[PDB]
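Novice: this one is an experimental structure. Sequence first:
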2 protein chains.
Amino acid sequence: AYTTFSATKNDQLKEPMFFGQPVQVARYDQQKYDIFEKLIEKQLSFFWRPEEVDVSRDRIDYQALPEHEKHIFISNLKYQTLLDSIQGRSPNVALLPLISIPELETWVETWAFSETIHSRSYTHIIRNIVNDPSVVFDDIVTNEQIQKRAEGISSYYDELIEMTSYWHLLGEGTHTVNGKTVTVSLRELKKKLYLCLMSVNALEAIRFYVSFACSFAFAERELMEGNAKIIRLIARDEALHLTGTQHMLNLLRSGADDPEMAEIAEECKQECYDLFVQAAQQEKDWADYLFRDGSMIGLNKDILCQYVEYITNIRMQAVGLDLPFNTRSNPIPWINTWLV
Amino acid sequence: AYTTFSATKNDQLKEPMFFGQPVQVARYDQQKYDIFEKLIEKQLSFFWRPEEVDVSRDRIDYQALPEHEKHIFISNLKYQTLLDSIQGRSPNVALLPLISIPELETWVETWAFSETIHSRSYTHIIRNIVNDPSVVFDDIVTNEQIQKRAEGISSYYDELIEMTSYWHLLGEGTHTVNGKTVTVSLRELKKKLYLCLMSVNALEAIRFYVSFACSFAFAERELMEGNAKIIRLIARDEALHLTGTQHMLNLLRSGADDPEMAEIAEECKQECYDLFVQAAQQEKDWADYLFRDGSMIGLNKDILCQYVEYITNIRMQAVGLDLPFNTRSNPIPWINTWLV
Ligand SMILES: [Hg+2]
Ligand SMILES: [Hg+2]
Ligand SMILES: [Hg+2]
Ligand SMILES: [Hg+2]
Ligand SMILES: [Hg+2]
Ligand SMILES: [Hg+2]
Ligand SMILES: [Hg+2]
Ligand SMILES: [Hg+2]
Ligand SMILES: [Hg+2]
Ligand SMILES: [Hg+2]
Ligand SMILES: [Hg+2]
Ligand SMILES: [Hg+2]
Ligand SMILES: [Hg+2]
Ligand SMILES: [Mn+2]
Ligand SMILES: [Mn+2]
Ligand SMILES: [Mn+2]
Ligand SMILES: [Mn+2]
């Protein structure tokens, strides 16, 4: 099953990305896929520290905000904090026991690490603008609506982690565990990982980009500029994370890695279409809560719905799926000045 | 029973470090133990990249070394590579599914990330001094002499990972798995974690510190100066990682955190004492492979075995175990010019 140092001298250049022999020597002189090496380098160039960004004027700007847009700001912030809390721990708990090449193993640990920095920046902002952080942080867990647009994220990772432990302990086969039949199939585990990856792709490429647009609406009005400095940095890292899953998924589709992953990508092309349409509709539903006690001059549900469509079509194309929505030009081209 | 976002609103200030509820919100505004937040902050400010230390002249110096001394240099480096290959991945795969407080969860991910940068620095050194890297890297896996501890270190981690998968899947009790009986006990899992934590403490506290003495003896002779600049920054990092395991162990045995961990630490006293003398012995034995073809100026088998004894006594002292070796002063004071 899993070992932290596998004892077989193997050619790490001939392993698949996932499900081969566990990585044991971590070397960076040679890589099967150099894009993961490029990404580690680029991410390390971008090392930034949240504490050094001045957000003192955002306490005054936030204070001056009307209650309805104070509600938009904080609800957006609470969802960003939910997503990076899961992205901090989950690439490491779910993907890291299944990797077989070194450059992907380290990219995954570098990717989960930059998410904990994003979590730290959210503590930095909340602690400056609000007088007791705990009403924000305890509300994340319990808000029916924040969990409602998050529906499916923790489930995908949790099902993957469970299936992986059954495969590590028991191996492929049909087994009797406490008098129940349990079938472990590597093919099924492979599509569980593939759909997990496709969901991670939706999360980083769409869900964060909708939240970024809600954030920079305020900076366009010249409000909350400290928070906009941080989100600009967060966004520059999400660019890399997104590029990462786009290539993981496209090399798996190419059939140049594990040939059975090419096969799975085709067989579930419909599930991959259906999870992006689900995630698009979830981001749209949230608008009913975001503009609940009032909308904003440049930002309302029609602008949010038109941007979700816009961004979902771009992302789906980048990974070879059919576009669900009618083509449109970018409803909010001002976000270009702020981006990634 | 692992989840990447538990839905229960819980006071994570009252949670135990391990085997409580999985962390769901990542917050850094309050913490149960301030030391892990302090270790994250120090580690972030220590960030360095290997690429800007030039190891160029180290090629001439290595080529000019007497054969036996280049055997010592390279065999020491090979061991440093094995131990950080294991340490990049293993905090994350073995500890992360068991943590119940956020500041410890993000210290384990920051801890593990700084190890991969150490693995990147060993590739930077080897690439430059031994223009065919695969000779060095393929020999770490198979080398008989490096191997005995490789196996011992990975064994603690692998049995904890395995017992943890059984615990999350089946929970406690007596279960049947394909005709066999399998008994899962949280008490045993707690011992397993404790012995593993004790072994990671020996690795960073003793095993790395014996290899530092071998790297700085060359720098004392003004040879391998690029390598020396890099081990200086690695060593600075290791001091923090060692502070961490010391505090987690001392808080666990005090009974301050979980009262059952205090009991387990008491029952395990003689086998923790034995794991440490075994670590020191395996370090002492490596010296006969190292002084295979002869010895060096400033370091030899006897002075080196004295240092192992000295350093083991200090580290066992700090974690409140009885000292195994007869007390002495530091055999090689010069080393303090390079350590923190
Ligand atoms: Hg995933
Ligand atoms: Hg997922
Ligand atoms: Hg928005
Ligand atoms: Hg697909
Ligand atoms: Hg819409
Ligand atoms: Hg261990
Ligand atoms: Hg451990
Ligand atoms: Hg040594
Ligand atoms: Hg040496
Ligand atoms: Hg030594
Ligand atoms: Hg013990
Ligand atoms: Hg002990
Ligand atoms: Hg021990
Ligand atoms: Mn993020
Ligand atoms: Mn991300
Ligand atoms: Mn290290
Ligand atoms: Mn370390």
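Specialist: Cool, the structure landed. Residues are numbered from 1 along each chain as shown, chains lettered A, B, ... in the order given. Ligands and ions are numbered 1, 2, ... in the order given.
Novice: need the helices for the stretch 1-150 of chain A, in chain order.
Specialist: With DSSP state H, counting those that start in this stretch as the criterion, the stretch 1-150 of chain A has helices at A:34-45, A:56-64, A:67-90, A:102-129, A:133-142, A:144-150.
Novice: spatially central residue in chain A, please.
Specialist: residue A:204 (3.5 Å; CA atoms, centre = their mean).
Novice: what about the strands in chain A?
Specialist: A:173-177, A:180-184 (DSSP state E).
Novice: reformat these as TSV; add mean neighbour count.
Specialist: Just so you know, the C-beta spots here come from the backbone N, C-alpha and C atoms, and that holds for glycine as well. Formatted as TSV, these follow (neighbours: other CB atoms under 10 Å in any protein chain shown):
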stretch	mean neighbour count
strand A:173-177	13
strand A:180-184	12
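Novice: residue of the stretch 201-340 of chain A closest to ligand 11, please.
Specialist: Closest to ligand 11 within the stretch 201-340 of chain A is residue A:241: 40.3 Å, counting by CB to the ion.
Novice: that residue: neighbour count?
Specialist: Counted with other CB atoms under 10 Å in any protein chain shown, residues neighbouring residue A:241 total 25.
Novice: touching, it and residue A:111? I think so.
Specialist: Yes. In this structure residue A:241 lies within contact range of residue A:111 using CB atoms under 8 Å: 5.7 Å.
Novice: residue ranges of the helices in the stretch 151-300 of chain A, please?
Specialist: Counting by DSSP H, counting those that start in this stretch, the helices of the stretch 151-300 of chain A are A:153-170, A:186-202, A:208-220, A:225-254, A:259-267, A:269-290.
Novice: redo those as JSON lines? Include distance to ligand 12.
Specialist: Shown next, in JSON lines, are these (distance: least, CB to the ion, whole Å):
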{"stretch": "helix A:153-170", "distance to ligand 12": "29"}
{"stretch": "helix A:186-202", "distance to ligand 12": "39"}
{"stretch": "helix A:208-220", "distance to ligand 12": "45"}
{"stretch": "helix A:225-254", "distance to ligand 12": "41"}
{"stretch": "helix A:259-267", "distance to ligand 12": "46"}
{"stretch": "helix A:269-290", "distance to ligand 12": "49"}
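Novice: just name the most buried of the ones you listed.
Specialist: Among the helices of the stretch 151-300 of chain A, the stretch with the highest mean neighbour count (mean count of other CB atoms under 10 Å in any protein chain shown) is helix A:208-220, at a mean of 22.
Novice: among the helices of the stretch 151-300 of chain A, which is nearest residue B:118?
Specialist: helix A:225-254 (22.1 Å; CB to CB).
Novice: close to ligand 15, is the closest one?
Specialist: Yes. Residues of helix A:225-254 are located near ligand 15 by CB under 5 Å from the ion, namely A:238, A:241.
Novice: what is the distance between that helix and the centre of its chain?
Specialist: 8 Å (CA atoms, centre = their mean, to the nearest Å).
Novice: before we move on, what about stretch A:330-340?
Specialist: Distance, centroid of stretch A:330-340 to centroid of chain: 20 Å (CA atoms, centre = their mean).
Novice: what about that stretch, how long is it end to end?
Specialist: 16 Å (CA to CA, to the nearest Å).
Novice: do stretch A:326-340 as well
Specialist: Per CA to CA, stretch A:326-340 runs 25 Å from first to last residue.
Novice: quick one: contacts of that stretch?
Specialist: Taking contacts as CB atoms under 8 Å, 6 or more residues apart in numbering or on different chains, the residues outside stretch A:326-340 that touch it are A:212-213, A:216, A:219-220, A:228, A:232, A:235-236, A:238-239, A:298, A:303, A:306-307, A:309-310, A:313.
Novice: if we go to 7 Å?
Specialist: Applying CB atoms under 7 Å, 6 or more residues apart in numbering or on different chains, the contact partners of stretch A:326-340 are A:213, A:216, A:219-220, A:232, A:235-236, A:239, A:303, A:306-307, A:309-310, A:313.
Novice: okay if I get those residues as JSON lines plus distance to ligand 16?
Specialist: Formatted as JSON lines, those follow (distance: CB to the ion, whole Å):
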{"residue": "A:213", "distance to ligand 16": "41"}
{"residue": "A:216", "distance to ligand 16": "39"}
{"residue": "A:219", "distance to ligand 16": "40"}
{"residue": "A:220", "distance to ligand 16": "45"}
{"residue": "A:232", "distance to ligand 16": "33"}
{"residue": "A:235", "distance to ligand 16": "31"}
{"residue": "A:236", "distance to ligand 16": "28"}
{"residue": "A:239", "distance to ligand 16": "29"}
{"residue": "A:303", "distance to ligand 16": "49"}
{"residue": "A:306", "distance to ligand 16": "50"}
{"residue": "A:307", "distance to ligand 16": "44"}
{"residue": "A:309", "distance to ligand 16": "47"}
{"residue": "A:310", "distance to ligand 16": "45"}
{"residue": "A:313", "distance to ligand 16": "45"}
